[PDB]
């Protein structure tokens, strides 16, 4: 796969864009999790799949029984990994481009975490889309948070809902979804 168009997918708490605390997620938003599954899994052309790419720490955060994430090609990046195809669902590499050089029959490519990987790849020109779940809370400062996005969104344009709807197909997009004290919306951004 040569020069794939790549999408970042992430859920972040406004306005600071916090995404984690002590190696874990600061919320459990069940509908958001299902959205993540549906969007990363679904394909538009028959007999293909998507790839999901992540840093080693993010991979290790998934319970070992629930990785690899089913129905998607999982790619894990470490600075200690040489290129290795582990099995049909798992690749080890040290860059996204090299990891996908090894790959055919993949439609979409998603970056699924974590902060370090996000904050590098936001400035990689292969990344053409951001799928950001913007989470809001009445008192965001009260949520324990130590990992943050550093996204220069001035160089990006938030697209209308119609563009997001097109991207996700017939996936149902509900507005202002509320779980506990959190309220969230699905968004799509492209390069300005």
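Superpose the two forms; the largest set of C-alphas matching within 1.5 Å is the rigid core. Numbering follows the first chain given and starts at 1.
**Student:** Comparing C-alpha positions in 5 other deposited structures of this protein against this form, with the rigid core used for the fit, which stretch differs more, 171-179 or 5-13?
**Tutor:** Once the core is superposed, the stretch further away in 5 other deposited structures of this protein is 5-13.
**Student:** Do you reckon 69-77 or 96-104 strays further from the shown form in 5 other deposited structures of this protein, measuring C-alpha RMS after a core fit?
**Tutor:** Taking the RMS over all superposed structures in 5 other deposited structures of this protein, 96-104 lies farther out.
**Student:** When the C-alpha temperature factors are averaged for each of 93-101 and 111-119, which stretch ends up with the higher value in the entry?
**Tutor:** According to the entry, 93-101 carries the higher average C-alpha B-factor.
**Student:** Could you settle it for me: does 21-29 or 8-16 have the higher average Cα B factor in the PDB entry?
**Tutor:** Averaging CA B-factors over each stretch, the winner is 21-29.
**Student:** Select one of 134, 60, 163, 154: the residue whose C-alpha shows the highest B-factor in the crystal structure entry.
**Tutor:** Max CA B-factor in the entry, restricted to 134, 60, 163, 154: 154.
**Student:** Comparing against every modelled residue in the chain, figure out the third that the C-alpha B-factor of residue 55 lands in (lowest, middle or highest).
**Tutor:** Its C-alpha B-factor belongs to the lowest third of this chain's values.
**Student:** According to the PDB entry, is the CA B factor of residue 145 in the bottom, middle or top third of its chain, that is, lowest, middle or highest?
**Tutor:** Top third by C-alpha B-factor.
**Student:** Lowest, middle or highest third: where is residue 40 by C-alpha B factor in its chain?
**Tutor:** According to the entry, residue 40 has a C-alpha B-factor in the chain's lowest third.
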